[PDB]
Amino acid sequence: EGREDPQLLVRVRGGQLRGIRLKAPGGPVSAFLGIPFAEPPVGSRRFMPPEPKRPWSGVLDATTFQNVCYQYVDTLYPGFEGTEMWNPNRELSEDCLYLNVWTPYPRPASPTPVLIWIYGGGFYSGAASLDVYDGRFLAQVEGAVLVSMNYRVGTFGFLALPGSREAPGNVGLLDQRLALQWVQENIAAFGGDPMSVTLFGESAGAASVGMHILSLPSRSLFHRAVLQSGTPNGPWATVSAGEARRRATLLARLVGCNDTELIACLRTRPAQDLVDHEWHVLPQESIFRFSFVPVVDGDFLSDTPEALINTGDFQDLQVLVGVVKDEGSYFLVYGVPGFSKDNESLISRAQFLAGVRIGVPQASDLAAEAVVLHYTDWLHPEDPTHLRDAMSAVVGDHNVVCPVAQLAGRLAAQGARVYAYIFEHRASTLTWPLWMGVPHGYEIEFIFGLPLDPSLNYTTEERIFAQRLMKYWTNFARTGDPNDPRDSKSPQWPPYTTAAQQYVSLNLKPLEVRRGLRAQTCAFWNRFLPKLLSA
């Protein structure tokens, strides 16, 4: 050193780091990219829990993003930003357990509240290095310390032979946990306040956050949580041990493979063989289902999330939860016949029935009939436009909106302070068709404040809008309350409650309060469908 920027040199438990000065719109920020937090989970380590990173010597360079965890890459719409922005932007590798830190520049003098981002991607994809997760805006504008980690996805992160020692399951959640511990031990070196840590994630990220809420050893590692468009409860976020055992042994067969022998065989397989086959192990033709997800092991998760939220004590928990306007549309074009991004996707009644079997793969015939009867517009039963929109609402309601409504409810009834939103603004820059509305994932760029970057062609109102969202999020992280304690000229955001069920709309207009998160329809999914299914 001596010739370097003295504000970029930091020591953590594993050694010395050199960060980087980044340009944000309103000034510079500090970035420490690709910090290892675990021993590479490679070779004999594959499928195993993460082991803490052993200290290194010299100054570890932390100026660039590290490898993305080995994963399936979606190639439905090539060169189409719509799906590309989610694709891995660094080299695929099993050596991928690294994390990233953004702080103000120079680093804060007093302890600053920390936000930890946990990306989604169906538990089979995702990376912390994507542009939409860029932490420079929250750090520069709100003065936040923002942390994000890679965790193992797909088989590498979630293949389980429940009970075995070599593939216990949930190791991707354990990766996340190890990084939360790393933050607890090391974040103060950056001016971060270990005693004010807020988790936030979207979709499988949000489900992940929920697992941590529900898993005791994770609870000491954070104080508040934001779940965007995902919950630990619901149809997709977990599988039973039996079902996970099934998929794991099926996949083993598909690649040419006593638990020990089976796992050892799997470990000799190229990463790409596992990826090439992971999608072939699902029990039905479906959308919004994923082969390798968290398992109810009776360890990380001692019971089903459903049980744990019904009987949990959430006294000291502040939670912010929400959905986008059109949770269902995005998935339709991938797996349901008749739907496309390239046309208006007007479907027939026949395709609607077929779509319901795919979107509710676990449904008996009677259950699927109830879904169809509930969602049919009996004044216009054959109308292509309603049917298309109904299909979207079926998928979005079953998978996100109702699980979220259930989660908000159970948590509130049991001590948690809960805030709920519905995000309703469609980005002016959006490359999907109008009929898809505001799809899954497209609020993220606003919360991270990308519209503050002038080169991105957002509208001025979209700039002002992103700034509000950043304040809601950072206020909530600071205090457990989205509301600005001073500015009372702005409408207030009420806690969500079982009694009143209030949540706010997030769009270009000032906050507006509403009551009931699809209450009537969610009574169907949350209270009735279970009973009808088991009978």
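Measuring from label point to label point, each 7 Å out along Cα→Cβ, what is the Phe80 to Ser44 span in nm? Placing both labels 7 Å along Cα→Cβ, they lie 4.6 nm apart. By the count of other C-beta atoms within 10 Å, a proxy for reagent exposure, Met470, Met85 are ordered fewest to most as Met85, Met470.
DSSP beta bridges fully contained in the chain are about 40 percent antiparallel. Distance between the modelled labels on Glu382 and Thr429, one decimal in nanometres: 4.5 nm (7 Å Cα→Cβ projection). Are there any GluC sites (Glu not before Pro) in the stretch 295-359 that are in a DSSP loop and have at most 13 other Cβ atoms within 10 Å? List them by number. Of the GluC sites (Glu not before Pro), the ones in loops of the stretch 295-359 whose Cβ has at most 13 other Cβ atoms within 10 Å are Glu344.
Taking the Cβ of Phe80 as the centre, find all other residues whose Cβ is under 15 Å away and add up their charges (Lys, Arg: +1; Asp, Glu: -1). Computed value for this residue: -3.
FRET efficiency for the pair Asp313 and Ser240, taken as 1/(1 + (r/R0)^6) with r the Cβ-Cβ distance and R0 = 30 Å, rounds to 0.75. Distance from the C-alpha centroid of the stretch 100-128 to that of the stretch 1-23: 18 Å, rounded to the whole angstrom.
Which trypsin sites (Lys or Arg not before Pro) from the stretch 1-93 combine a DSSP loop assignment with at most 16 other Cβ atoms within 10 Å? Here the sparse-neighbourhood loop sites are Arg3, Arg13.
Compute the separation of the alpha-carbon centres of the stretch 462-481 and the stretch 230-289 and state it in Å as a whole number. Result: 39 Å between the Cα centres. Excluding same-chain pairs closer than 8 in sequence, count the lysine pairs in the chain whose Cα atoms lie under 23 Å apart. Taking the Cα cut-off of 23 Å, the pair count is 7.
Of the chymotrypsin sites (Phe, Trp or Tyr not before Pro) found in the stretch 301-360, not one falls in a DSSP loop while having at most 12 other beta-carbon atoms within 10 Å. Here is how the number arises for the chain: DSSP H runs of 4 or more residues each give -39500 (n - 2.57), the sum is divided by the residue count, and the result at 222 nm is -9000 deg cm²/dmol.
Taken along the Cα-to-beta-carbon direction at a fixed 7 Å, the label points for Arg253 and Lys531 span 3.8 nm. Taken about its Cα centre, the chain carries a charge dipole of roughly 980 debye when the Cβ of each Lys and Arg holds +1 and the Cβ of each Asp and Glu holds -1.
I need the shape label for the chain. Rule: rounded when a/c is under 1.5, else prolate if a/b > b/c, else oblate, with a, b, c from the alpha carbon gyration tensor.
Numbers: a/c = 1.56, a/b = 1.17, b/c = 1.33.
In terms of gyration-tensor shape, oblate.
Backbone phi angles across the stretch 365-374, fed through the Karplus curve with coefficients 6.51, -1.76 and 1.60 (θ = phi - 60°), yield HN-Hα couplings of 5, 5, 4, 5, 5, 4, 4, 5, 5, 5 Hz in residue order; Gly and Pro are listed as x.
We did not get these values from a lab; they are worked out from the coordinates using the rules stated. No Cβ is skipped: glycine too gets one built from the backbone with ideal geometry, and neighbour counts run over all protein chains shown.
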